[PDB]
Amino acid sequence: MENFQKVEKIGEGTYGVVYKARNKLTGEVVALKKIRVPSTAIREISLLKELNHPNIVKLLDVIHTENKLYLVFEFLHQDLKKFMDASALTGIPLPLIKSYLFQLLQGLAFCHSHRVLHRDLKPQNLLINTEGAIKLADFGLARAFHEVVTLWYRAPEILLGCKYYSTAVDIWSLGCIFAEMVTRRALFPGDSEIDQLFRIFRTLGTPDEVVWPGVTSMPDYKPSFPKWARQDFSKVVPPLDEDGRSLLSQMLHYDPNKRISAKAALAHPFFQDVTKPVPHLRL
Ligand SMILES: O=C(Nc1c[nH]nc1C(=O)Nc1ccc(F)cc1)c1ccccc1
């Protein structure tokens, strides 16, 4: 778009290319996403301009022109997936893991309180700066509307065909990102929907009417599912301490109504000692 110079490709979202760009007039460096225009998307997108929070990538402008769609976001210099790969040897220090988790829960508590879900959290859409900050990106783009879209962070109620699912889905994804930071291995690396479901089952137990009332009446649930026993958390995320493990377990509750909200998670004793360390990033 005329007011922008593409400096470089910085990714491919679900929804079209993402460019680093410079505003020919303002000077500002920005993230420019080209989508791919029904008035429904126009409307939802416009709502997002308003939901501002220090832990949500700022949506600067929504250009709808020549009947094409661009979103202009504030620019961050790295994503969490790259940072994680970069920190493979040593792992991310716990106090930095805890800060990141804490800030993301703040962003989610904000979104959820305005009834906006993300619905597709993944380390690739979590963006970080040199000053210790981490921000949710791509917020709202999913209601509004190639490699495999990853299933690794998908809540099981989504996998079981629930069509009217809740903010608890973001809580689930965030718990899977939490474990992956601690262990340096993805929690549930599914390569199909059944494989994804069965990986969850194998770690957490096949859910039943005891732990998830109503589970058996779900669209894609079958009685013929195997019955695996639940594994112990101490085996799942060493060397996370007992507070971190308690929290994670609550974020990974099967029953979306049992699953901890972002707001009550902020109160958990794991965060009693939270700080804001600054990462070392080599841009
Ligand atoms: O809004 C998105 N990204 C961004 C917004 N502001 N900065 C970015 C961004 O990707 N920055 C970035 C990330 C990794 C790099 F190596 C260098 C720079 C987005 C859109 C679709 C899918 C994923 C992320």
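Just so you know, residue 1 is the first one in the sequence shown, and it goes up from there. As a basis for the values below, the full set of heavy atoms in this structure was taken, side chains included, without hydrogen atoms, waters or symmetry mates. Ligands are counted one by one from 1 in listed order, and the atoms in each one are counted from 1 as well.
Geometrically, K33 does not engage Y15 in a cation-pi contact defined by less than 6.0 Å to the ring centre and at most 45° from the axis. Taking the ring centre of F145 as origin, the terminal cationic atom of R36 falls inside the region bounded by 6.0 Å and 45° from the ring axis. The cationic group of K122 does not satisfy the cation-pi geometry with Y153, failing either the under 6.0 Å distance to the six-membered ring centre or the 45° limit from the ring axis.
Within ligand 1, counting atoms from 1 as listed, the ones closer than 4.0 Å to a heavy atom of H77 are 15 (C), 16 (F), 17 (C), 18 (C). Heavy-atom proximity to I10, at under 4.0 Å, picks out these atoms of ligand 1: 9 (C), 10 (O), 11 (N). Interface atoms of ligand 1 facing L76, defined by a heavy-atom separation under 4.0 Å, are 6 (N), 7 (N), 9 (C), 11 (N), 12 (C), 18 (C). Below 4.0 Å from some heavy atom of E74 lie the following atoms of ligand 1, by number and element: 5 (C), 6 (N), 7 (N). Counting atoms of ligand 1 from 1 in the listed order, those under 4.0 Å from a heavy atom of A31 are 4 (C), 5 (C), 6 (N), 7 (N), 8 (C). Every atom of ligand 1 is numbered from 1 in the order shown, and the set under 4.0 Å from a heavy atom of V18 is 20 (C), 21 (C). In the vicinity of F73, heavy-atom distances shorter than 4.0 Å reach the ligand 1 atoms 1 (O), 5 (C). If you number the atoms of ligand 1 from 1 as listed, the ones under 4.0 Å from a heavy atom of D79 come out as 13 (C), 14 (C).
Checked by atom type and distance alone, the side chain of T206 never pairs as donor or acceptor with a backbone atom of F201 at under 3.5 Å. A side-chain donor-acceptor contact under 3.5 Å links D195 to the backbone of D191. The main-chain N or O of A31 is never found under 3.5 Å from a side-chain atom of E74 such that the two would form a donor-acceptor pair. Between the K20 side chain and the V30 main chain, no donor and acceptor come within less than 3.5 Å of each other.
A perpendicular orientation is assigned to the rings of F198 and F225, their planes being inclined by more than 60° (bins at 30° and 60°).
The nearest protein atom to atom 2 (C) of ligand 1, hydrogens excluded, is given as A137 CB, 4.2 Å; this is a heavy-atom distance.
Residue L127 holds the heavy atom nearest to atom 3 (N) of ligand 1 of all those in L127, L32, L281. Comparing heavy-atom distances from atom 22 (C) of ligand 1 across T14, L283, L60, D138 singles out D138 as nearest.
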